[PDB]
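Notes for the one structure printed next.
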Amino acid sequence: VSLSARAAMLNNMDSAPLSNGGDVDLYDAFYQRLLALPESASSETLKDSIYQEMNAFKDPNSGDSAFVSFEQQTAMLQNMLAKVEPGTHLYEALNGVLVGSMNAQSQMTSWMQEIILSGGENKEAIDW
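With the authors' numbering, the residue at position 119 of the sequence shown is 141, and numbering never jumps.
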């Protein structure tokens, strides 16, 4: 019932996997979610369909939504407007959701404590 040595080793651990790589994929896919429907030139239905797709794409790279709240929103919207043709109602719907989404985000309560300081800058005596 005796025994002796043999080859018994294949150890390996040099692996370095990853899963990120789809910022392109978000924009182009989303941008195609715009272009699926704007031919109708609808005023309200277009902006609210935009709001839906903006809220529901749900970004692969992170998860929470296609955009963050402000920084990503403002770049995504500025980028969205840079890509579309000014002439279309689509351009106007992106502007309208940018404006409405920004007004919701704005937190003007905090700013009201500073807007109250204003009143004018007339050269009545300073004469700059």
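Here a beta-carbon is modelled for each residue, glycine too, at the ideal position from N, C-alpha and C.
Buried or exposed by the 16-neighbour rule on C-beta atoms within 10 Å, applied to residue i
i, result
"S123", "buried"
"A88", "buried"
"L139", "exposed"
"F92", "exposed"
"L25", "exposed"
"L56", "buried"
"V23", "exposed"
"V106", "buried"
"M31", "exposed"
Helix, strand or coil at residue i according to DSSP, with G and I counted as helix
i, result
"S71", "helix"
"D149", "coil"
"residue 151", "Residue numbering for the chain in the displayed model covers 23 to 150; residue 151 lies beyond these limits and cannot be assessed."
"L48", "helix"
"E143", "coil"
"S132", "helix"
"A78", "helix"
"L40", "coil"
"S62", "helix"
"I138", "coil"
"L25", "coil"
Cβ pair residue i, residue j closer than 8 Å
i, j, result
"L112", "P60", "yes"
Contact test: residue i Cβ vs the ligand PLP heavy atom, cutoff 7 Å
i, result
"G85", "Inclusion of the ligand PLP in the displayed structure is not the case, the ligand content being empty and no account of it being possible."
query: Counting Cβ pairs, one atom from each stretch, are 3 or more of them under 8 Å apart for the segment 24-38 and the segment 69-80?
result: no
- request: Can you check the segment 82-128 for any alpha helix (DSSP H) of at least 4 residues that lies completely inside it and give the ranges in chain order?
  value: Listed in chain order, the complete alpha helix (DSSP H) runs (minimum 4 residues) inside the segment 82-128 are 93-105, 111-127.
- prompt: Does the segment 94-103 touch the segment 135-143, meaning 3 or more C-beta pairs lie closer than 8 Å?
  reply: Counting Cβ pairs under 8 Å, fewer than three are found: no touch.
The segment 80-91 in contact with the segment 129-139 per 3-pair CB rule at 8 Å: The segment 80-91 is not in contact with the segment 129-139.
- prompt: Are the segment 57-71 and the segment 105-120 touching by the rule of at least three beta carbon pairs closer than 8 Å?
  reply: yes
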